[PDB]
Amino acid sequence: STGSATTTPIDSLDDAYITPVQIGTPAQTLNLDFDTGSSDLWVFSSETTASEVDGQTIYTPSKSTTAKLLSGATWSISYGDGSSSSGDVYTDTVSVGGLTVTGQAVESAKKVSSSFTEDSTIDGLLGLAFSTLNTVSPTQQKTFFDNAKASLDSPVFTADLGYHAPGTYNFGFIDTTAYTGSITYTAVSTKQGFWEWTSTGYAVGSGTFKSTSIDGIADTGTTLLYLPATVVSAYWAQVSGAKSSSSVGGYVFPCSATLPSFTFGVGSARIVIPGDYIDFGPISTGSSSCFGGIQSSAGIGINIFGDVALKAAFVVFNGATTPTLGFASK
């Protein structure tokens, strides 16, 4: 089997991407944030505290003839941005782009933190990291990809995120028309539960490539590119007037600037992020200070190849017995 679904930016900045997902019988379509940095499929629901729902579409398990309570199971998750959610668990039929999994754990939110409430466009998350990170207790549950894998034509999914435009998540096949050149594959460590890999270095603009190992994670659920402070300082030093602002919480730059590109290495290959992809717009409405798309990871504990980096590439998440990642230009 295969599946193919379009993913759409939630706003004019590409802050996140939503993909329609069919849950239950008859289908209830919710727009989920596909997140290769976490491993829980959770939704706003008829069980979510009413004051914490503000415009989201909700899953109502009592209206699904295939929903079953997973008795005794609870979940609770905290994300790197400080947001969180928790609740109980149903199993139900879940389909993405024509690919159907029966018996998928659908984590129903009883509580969500303010950032989820405040984002009316995201009805939940669909985790695509390794199932060892799933938070369901006392019986850990499998991701949608883990459940679908055996049925897929090939045990892979691909992320093709757009810049200010829709893109595609494919399951079970590699669309050879969606990228240019060849795909370069690179080793993955699953020891932390992430799609963790080592970039071979970087360049700023037209500058020379610096060969240096940068361990980080491919994370579709993180907006920006978070890299070591040395790398980030070298980038912003090329932008007149750019500075790190403690009050804003990262590097800012004059909105009048033209940003240089940023290149990262994948083995001997190179992925170029155009300068425009690094512009996240005014820090507040009407400001002439703009927020940078490359930020320091020094306070995180891990480097994160988020959407800023991934949307410059066609990315293969290869879930073979020994997982690997593939990157191609597009």
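Numbers run from 1 along the shown chain.
Quick reminder: no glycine exception, Cβ is built from N, Cα and C everywhere.
What Swiss-Prot annotates here:
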type	residues	note
ACT_SITE	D35	active site
ACT_SITE	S199	active site
DISULFID	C255-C290	disulfide bond
DOMAIN	17-328	domain 'Peptidase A1'
Given the disulfide-bonded residues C255, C290, which one is most crowded in terms of C-beta atoms within 10 angstroms? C290
What DSSP gives for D35 (active site), in three states, is strand
Quick check for the class: what is the C-alpha distance, in angstrom and rounded, between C290 (disulfide bond) and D35 (active site)? 26
Other CB atoms within 10 A, centred on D35 (active site): 21
Other C-beta atoms within 10 angstroms of the C-beta of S199 (active site) total 22
Give the distance between the Cα atoms of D35 (active site) and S199 (active site), rounded to the nearest whole Å. 20
